[PDB]
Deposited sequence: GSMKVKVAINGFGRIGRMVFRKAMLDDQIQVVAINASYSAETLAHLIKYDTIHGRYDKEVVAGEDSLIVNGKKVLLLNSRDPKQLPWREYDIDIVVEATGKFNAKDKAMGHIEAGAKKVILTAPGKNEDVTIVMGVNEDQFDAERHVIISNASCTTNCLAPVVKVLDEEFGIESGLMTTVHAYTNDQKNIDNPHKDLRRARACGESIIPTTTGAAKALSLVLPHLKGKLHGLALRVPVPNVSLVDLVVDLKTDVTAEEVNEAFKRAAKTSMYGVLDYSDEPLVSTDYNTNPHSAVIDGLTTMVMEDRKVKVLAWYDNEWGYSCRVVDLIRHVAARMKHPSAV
């Protein structure tokens, strides 16, 4: 079983831990976090977004017992002090965010870990991966620090990939309607629509390089707790109807992007996609086409759960290629 450590216990770290503890192919050996075992067990068991954890979560002496398995707990702010060599850590998931991600990852390597998965794109990682888009690019012999991009990029890239490979993309603009996770952001008070910048369209370069200059956009932060939406207005290179666009997505969801992209013909609201494991769910009832070429596509994503499921999928892909190069 691949041996994994998790650094940082924010929402992504906790969701990844929840999902990995259910994977019997993965052994979560250790956690490095800022809090005591009792606080960590509380945070694992209870969650205001995804509900209570199904398995038994129990705090012990500098460890957790989760689903019957022991997980060691550490509290090191300098990652190169961690006992990763002594624990034979195969993969560290670096879940403390964007800030100095590459330095932290190198710290984990210096501590004896073999590979690091970053949770942010464009940190000078050896390779940027979006599952369903370019995971084939991972070389276990050449790639040591691997990025899983971001949640919005994990939604945007498969959608855009389907569109470009079926119809060709001329150019497009997008709005990502973002749940909660710049004077505008600082004056929020959790009550307003807030326009901000987004980096998902630029991060698209890392996984679909032939497409930069073609897409850009902004974010609208809205006061919903979780679940976000990509609103993409894109011009295609060939004539389409809404039904043809939806059929391309429907076919990708059942084949090449199975488990990553899904397609829905149901009249759902954003809350219905809470704890959905897909990277993107096309809302088939809203697809629009103006003058056969200008296409509006709406894609739902749980900006926490889908990304964490992709992180676990990536752990499994990397581990398989580590044992069988």
{"query": "Deposited positions without coordinates, collected into consecutive stretches in sequence order", "finding": "1-3, 185-195, 340-342"}
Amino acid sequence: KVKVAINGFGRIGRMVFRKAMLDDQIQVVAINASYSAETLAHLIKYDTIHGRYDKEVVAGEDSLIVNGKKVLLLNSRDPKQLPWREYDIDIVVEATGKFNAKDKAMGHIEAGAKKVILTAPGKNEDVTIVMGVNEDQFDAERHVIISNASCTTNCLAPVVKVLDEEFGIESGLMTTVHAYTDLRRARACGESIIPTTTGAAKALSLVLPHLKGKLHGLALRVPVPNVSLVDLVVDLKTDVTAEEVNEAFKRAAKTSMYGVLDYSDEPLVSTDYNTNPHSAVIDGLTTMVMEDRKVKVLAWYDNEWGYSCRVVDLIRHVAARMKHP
From here on, numbers count along this sequence of modelled residues.
item	value
Mean temperature factor over C-alpha atoms, higher-scoring stretch between 205-213 and 98-106	205-213
Stretch with the greater mean C-alpha B-factor as recorded in the entry, comparing 313-321 against 20-28	20-28
Selection by C-alpha B-factor (highest) of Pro225, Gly172, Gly168, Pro158	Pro225
Member of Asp262, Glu38, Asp283, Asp272 with the greatest C-alpha B factor (per the PDB record)	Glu38
Chain-wide C-alpha B factor ranking for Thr196, given as lowest, middle or highest third	middle
Ranked C-alpha temperature factor of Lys250 among modelled chain residues, by third	middle
For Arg142, the third of its chain into which the C-alpha B factor falls	middle
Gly112, C-alpha B-factor rank within chain (lowest, middle or highest third)	lowest
Ranked C-alpha temperature factor of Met257 among modelled chain residues, by third	highest
